[PDB]
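Chains as they are written, first to last, in the numbering used here: chain A, 658 to 885; chain Z, 67 to 274; chain R, 222 to 563.
We put the beta carbon where it would ideally sit given N, CA and C, even for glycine.
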Amino acid sequence: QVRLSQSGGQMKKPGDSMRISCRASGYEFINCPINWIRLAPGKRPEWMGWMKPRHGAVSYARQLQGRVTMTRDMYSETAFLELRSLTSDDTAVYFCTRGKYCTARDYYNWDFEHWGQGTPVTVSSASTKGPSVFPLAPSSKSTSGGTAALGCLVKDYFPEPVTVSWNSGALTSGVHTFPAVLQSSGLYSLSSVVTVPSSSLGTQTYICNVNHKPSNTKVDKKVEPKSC
Amino acid sequence: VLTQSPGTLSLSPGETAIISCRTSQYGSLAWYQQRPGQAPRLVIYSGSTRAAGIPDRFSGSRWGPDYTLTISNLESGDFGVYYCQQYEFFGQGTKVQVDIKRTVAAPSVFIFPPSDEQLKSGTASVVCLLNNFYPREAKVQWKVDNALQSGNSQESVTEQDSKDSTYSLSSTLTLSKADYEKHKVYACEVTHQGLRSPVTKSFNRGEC
Amino acid sequence: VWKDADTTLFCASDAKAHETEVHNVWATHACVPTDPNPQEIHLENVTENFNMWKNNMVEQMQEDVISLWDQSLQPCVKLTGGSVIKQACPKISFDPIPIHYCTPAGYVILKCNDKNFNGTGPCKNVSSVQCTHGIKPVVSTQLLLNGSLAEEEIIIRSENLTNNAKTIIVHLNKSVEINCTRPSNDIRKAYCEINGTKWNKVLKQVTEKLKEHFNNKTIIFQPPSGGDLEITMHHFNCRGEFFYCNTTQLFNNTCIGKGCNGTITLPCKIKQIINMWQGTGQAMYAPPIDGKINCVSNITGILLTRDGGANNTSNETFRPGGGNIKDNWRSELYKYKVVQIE
Ligand SMILES: *[C@@H]1O[C@H](CO)[C@@H](O)[C@H](O)[C@H]1NC(C)=O
Ligand SMILES: *[C@@H]1O[C@H](CO)[C@@H](O)[C@H](O)[C@H]1NC(C)=O
Ligand SMILES: *[C@@H]1O[C@H](CO)[C@@H](O)[C@H](O)[C@H]1NC(C)=O
Ligand SMILES: *[C@@H]1O[C@H](CO)[C@@H](O)[C@H](O)[C@H]1NC(C)=O
Ligand SMILES: *[C@@H]1O[C@H](CO)[C@@H](O)[C@H](O)[C@H]1NC(C)=O
Ligand SMILES: *[C@@H]1O[C@H](CO)[C@@H](O)[C@H](O)[C@H]1NC(C)=O
Ligand SMILES: *[C@@H]1O[C@H](CO)[C@@H](O)[C@H](O)[C@H]1NC(C)=O
Ligand SMILES: *[C@@H]1O[C@H](CO)[C@@H](O)[C@H](O)[C@H]1NC(C)=O
Ligand SMILES: *[C@@H]1O[C@H](CO)[C@@H](O)[C@H](O)[C@H]1NC(C)=O
Ligand SMILES: *[C@@H]1O[C@H](CO)[C@@H](O)[C@H](O)[C@H]1NC(C)=O
């Protein structure tokens, strides 16, 4: 029974190199090529290249040319992948694969029936940045017959995660904290909002409490209606 | 080209999922399933052939350049993300997630102008909240002085609420303080099945 | 009426029973004498489908060449499977001879004679023969040596050009001599000389054929990306010695798109510690024979793999292929297929 075992996950800084292994068993290692596909959330699965164990022949994906190396060890039937000049964009889960059809005489590489369990690799700076917290003020007039939405914008922090509570956790009903988004700057931002009776807007006080462990940052911010 | 649609399917167990791939070049296409925290798995190869272990609830079809994976009677182990493959290339993926049926609810739309605290930074973020709606399918478009915006906005959606089975969406438009001060009318337009018409919430910069 | 079939071919040759040479010795005991007056029957109003990539004749030849090499080029020390075999390794007389492959009773070889046939597809000019032409079992990598030339234009061959894992075989219509030498008086060091004018002109013609198959994209050549020396270098056997030649200069895009006109000299080395293409492992052979070791050969083809990758650029990149020596036999056996009568 064909099995593909990979090496453990790792964390890396930008500029580093990485190497992961894939030990194959259950079949004649020489006869079929081995592929490396990487998966990253919100991105198309990316074929990085194949490697034929017999003579170590390789075909690297054009967009990775010069940064990637595929070797193998015949005796221990293990394939190896190496990636240089890592960036944030290299943060993904790395798989080794091999096609379904393989004989001593013939193969089709691409119907990937067999996958390794996957090696997750994270590339990020050790730098940490605290969040800016901006208030999302309710509105102008108090509508004594409806409800008001308010919140705070937790912007430009790195890395994940931030957390948001309201009134030190006493306020939870109608609260919505959205999953963070990754901006072009490389930094994260999320929104937290809470819907409340409008009549309470000039009576009850609303504080959003932002926690960002990596930067050792705890910020309290009062969201209040604009005066004009 | 290999274009996979749709991006997200929100379905209840029992319903059927219809995922499609449009391709520029004919040839053997495969479909892969990926359950959360697990390595992908070959489902269909050579267009319509079912891989070993795959029940006949999965089936492949092709009309012209359109290859389709349908999955009848969704079970728990059928949810996850699906990809199409042709040679070394893959589709963007289709996320098939569990949806709990409930009655249609139009969103409540709120819009938040930039903080005076933020404007001192040099950036301007306009936030548009779509609150407690169902189904998940919802379109947002930003308009500034009635001009459609592209590529200066990011969205975010919450998990289906465990109590009322609704979703909430937050979109954020980001402009420089300079670019921002150049325009007056900022608006987010929301189309949702719960609405008779696309609802637009807007404010005029400078006035309260 | 017939049908495609697979049988055990026999082989024929013009081997000399007196010759001490290795290919001749093998052929004497494995083959029969060639037919002086062969018989070719051109079939009119007959269209037949050919596939060089699923032609089992290739498999049988491969078995024979592995046989021949094991029974001849025995290493002094065999290192395979964690064990060590120590044999005797006498220096041998080595020069490949043409081997004909032929069908038994009940079976016939169909031959394609379309001057632009690419290996796969239907054929109009089909003839019926008992034996293939004489094929020299020249084991090589990157460059196909001493083979047959294409009649008309340069022919690109591939089981699928869109599959970057399938080998591309370039078939030349004009040979380019390669002159490899290990002089007399480092004894392992050697070199090969190519006419730069002829080569860059053939290579220029090859870039123009590949453009016909790849939407007029910029064709670019490059050295191999990796692998053992047996594929990152032109690997071949001359007079018994194992040669490894560096073809980096051979794939010079500069002389394709001035001063390049001259004699290209590729740096070579003869190795004694090699990896067996048989697929076994690593072997140790004796030091090279003393004196000038030389062989002049026809480059008659190139093996290429195309760079894959989810890029969007308007240019393709090719690199000298090799490894599967079965492909070497495909390049000569492509116009043949075995059928059984009824
Ligand atoms: C090329 O590959 C496709 C599938 O990818 C296959 O259907 C077709 O037959 C192949 N072409 C040849 C000439 O074998
Ligand atoms: C087949 O043979 C005929 C007769 O000689 C010739 O005219 C024709 O060009 C040949 N076809 C090909 C494809 O070479
Ligand atoms: C060879 O010709 C056949 C049919 O004439 C065609 O289908 C195939 O793509 C061709 N192959 C190459 C490598 O040109
Ligand atoms: C090399 O080519 C020349 C002319 O093309 C030919 O005369 C000679 O027989 C060839 N050598 C071989 C096939 O070994
Ligand atoms: C070889 O083929 C090329 C086209 O690829 C052509 O330009 C050249 O004239 C041919 N050489 C011959 C027929 O001797
Ligand atoms: C091959 O090159 C050698 C020099 O390395 C030269 O002496 C010899 O004459 C050449 N042979 C041919 C056939 O050109
Ligand atoms: C290379 O070949 C050309 C003919 O194509 C010939 O004129 C020239 O003399 C050759 N160069 C050398 C160095 O022999
Ligand atoms: C081949 O020679 C070139 C000469 O520039 C060199 O860069 C390259 O490393 C050599 N290749 C091998 C495999 O030694
Ligand atoms: C290609 O030819 C040019 C022109 O002579 C030369 O400068 C360059 O070094 C060559 N590249 C090689 C041999 O890799
Ligand atoms: C090619 O043939 C020539 C003469 O026919 C011979 O001297 C040479 O050794 C051969 N080359 C190879 C690589 O077998």
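Cβ-based burial, residue i [other Cβ within 10 Å; buried from 16]
i: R711/A; result: buried
i: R676/A; result: exposed
i: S236/Z; result: buried
i: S288/R; result: exposed
i: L858/A; result: buried
i: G723/A; result: exposed
i: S78/Z; result: exposed
i: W129/Z; result: exposed
i: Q99/Z; result: buried
i: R262/Z; result: exposed
i: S234/R; result: buried
i: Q363/R; result: buried
i: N270/Z; result: exposed
i: residue 572/R; result: Nothing in the structure corresponds to residue 572/R, since chain R is present only between 222 and 563.
i: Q861/A; result: exposed
Check: residue i C-beta below 8 Å from any heavy atom of ligand 5
i: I375/R; result: yes
i: residue 588/R; result: This structure leaves residue 588/R out entirely; chain R is present only between 222 and 563.
i: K395/R; result: yes
i: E398/R; result: no
Cβ-heavy atom distance, residue i to ligand 1, below 8 Å
i: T383/R; result: yes
i: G126/Z; result: no
i: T776/A; result: no
Distance cut-off 8 Å: residue i Cβ against heavy atoms of ligand 10
i: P509/R; result: no
i: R719/A; result: no
Residues bridged to residue i (per DSSP)
i: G775/A; result: Beta-bridge pairing links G775/A to no other residue.
i: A805/A; result: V853/A
i: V832/A; result: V851/A
i: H321/R; result: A233/R
i: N458/R; result: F463/R
i: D730/A; result: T735/A
i: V206/Z; result: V256/Z
i: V876/A; result: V867/A
i: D132/Z; result: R88/Z, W129/Z
i: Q663/A; result: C679/A
Residue i beta carbon near ligand 4 (any heavy atom closer than 8 Å)
i: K357/R; result: yes
Residues that residue i contacts on chain A, provided the C-beta gap is smaller than 8 Å
i: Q259/Z; result: Going along chain A, no residue has its Cβ under 8 Å from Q259/Z, so there is no contact; the nearest lies around 21 Å.
i: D285/R; result: Going along chain A, no residue has its Cβ under 8 Å from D285/R, so there is no contact; the nearest lies around 16 Å.
Residue i beta carbon near ligand 3 (any heavy atom closer than 8 Å)
i: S379/R; result: yes
i: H434/R; result: yes
i: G522/R; result: no
i: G143/Z; result: no
i: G340/R; result: yes
Where residue i meets chain Z, residues with beta-carbon distance less than 7 Å
i: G775/A; result: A105
i: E770/A; result: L108, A117
i: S782/A; result: Going along chain Z, no residue has its Cβ under 7 Å from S782/A, so there is no contact; the nearest lies around 21 Å.
i: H833/A; result: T224, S234
Per-residue contacts from residue i into chain R (C-beta, under 7 Å)
i: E881/A; result: Residues of chain R passing the Cβ test: none, with the nearest at roughly 50 Å.
i: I687/A; result: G500
i: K709/A; result: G544
Within chain A, partners of residue i - CB distance below 9 Å
i: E280/R; result: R762
i: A531/R; result: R701, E703, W704, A718, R719, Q720
Near ligand 8: residue i beta-carbon under 8 Å from a heavy atom
i: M708/A; result: no
i: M454/R; result: yes
Cross-chain neighbours of residue i in chain Z, by beta carbon under 9 Å
i: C885/A; result: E273, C274
Partners in chain Z for residue i, counting only beta-carbon separations shorter than 8 Å
i: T383/R; result: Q91, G93, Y153
Interface partners of residue i on chain A, CB under 7 Å
i: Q158/Z; result: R701
Closer than 8 Å: residue i CB and nearest ligand 2 heavy atom
i: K332/R; result: no
> Listed in chain order, which residues are found with a beta carbon closer than 5 Å to a heavy atom of ligand 7?
Replying inline: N416/R, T418/R, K419/R, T484/R
> Hey, which residues come within less than 5 Å of ligand 9, measuring from Cβ to any heavy atom, in chain order?
Replying inline: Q470/R, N473/R, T475/R, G480/R, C481/R
> Just the residues with CB closer than 6 Å to a heavy atom of ligand 6, in chain order, which are they?
Replying inline: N400/R, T402/R, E414/R, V517/R
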